[PDB]
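A single chain comes next, written as C-alpha cells; it is the form deposited without this ligand.
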C-alpha cells in the first residue's frame, strides 16, 4: 500500500469516526519510554490491525495501537508500538502513519529514542536535544522519500535545515532549568545507523571523526516525513552508554543494559514531556 493522499484519507476517516478527538500534537516514544501513553485522559485505543491501510505488524508481534486523548488540557495522538526500518518495513509503511497524523490536524510531533553516546561529554543517563542529523541511509539511496513524490503532502526536494524547531528546543531546556535537572541536558547531532547491529568499535571511532554526537536506529525517517509535510519536530535522545569509552576499554553494550537505563530515567522523562505538551504555544 502506497502512502498517498487517498490511502491516508481512508485511515483518517476511520479514526475520526471511532475517536471524536481532533489532535494537534503527536507523540512517538522510544524503547521503555512509553509510560506517558498509559496516562492519557479520556482516551481511545485503536489497534493498528483495525485501521484501513495501516501496515501489517503481526510478524514482529507485540503492541501496536494508536491512542488518542488529552494531556495537560491538550488533544494528542500517540503511536504505541513504533515501526523501525531494520525490521524490514518499507518507506511507504513508515510514512503512512505520519501522513495520517497530518490529515488529523497534527502540527507538532514529539519524539524520544535510546541512543549511544559518541561525544566525550556524554555519559549514561544524559539527555540530548537533537539539533541536526547525519542520515547514512539517505546518502546511500535508502532515504525514506525514495520513490514517486506525493505532491499533496510536500515538495519533491525538501530542505531539512529547520527540521528540528529551535523554539521547541529552548522550551525543553527552560523546563529542565525550572526543575533543576539542566545538568543532564545537552544538544547534539544524531547519526542514523540503519541497524539492527550496534555500531562496531571501529564504526564508533569513525563517527567521532565525522562530527557525530550520538548514534541511533530510529527517528530520522519520521523526522523527514514530518518536515516534508510541514509538521514541527522536537526529538530527544536518552544516552545508554559512551561507545568511544567502551571501544577504548574493550567493553560491550547490549539490549538488557539499554533497557535498564530507560527504566532509571522513565519517570523524569514522563514528567518533562507532560510539561512540554502543556506549555506548547
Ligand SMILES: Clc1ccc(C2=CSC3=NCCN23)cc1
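Numbering follows the first chain given and starts at 1.
Just so you know, the form deposited with this ligand bound exists too; it's not on screen, but the next bit is about it.
Chemist: Given this ligand as it appears in the entry with it bound, superposed onto the chain shown via the C-alphas lining its site, indicate whether the pocket is open or blocked by backbone or C-beta atoms at a 2.4 Å cut-off with 3 or more atoms counting as blocked.
Modeler: Output flag = open.
Chemist: Of these, 130 to 138, 177 to 185, 67 to 75, 99 to 107, which stretch puts a heavy atom within 4.5 angstroms of this ligand in the entry with it bound?
Modeler: In short, 177 to 185.
Chemist: Check whether residue 18 has any heavy atom within 4.5 Å of a heavy atom of this ligand in the entry with it bound, and answer yes or no.
Modeler: Flag for residue 18 set to no.
Chemist: Answer with yes or no whether residue 268 is in contact with this ligand in the entry with it bound, where contact means some heavy atom within 4.5 Å.
Modeler: Residue-level check for residue 268: yes, a contact with this ligand.
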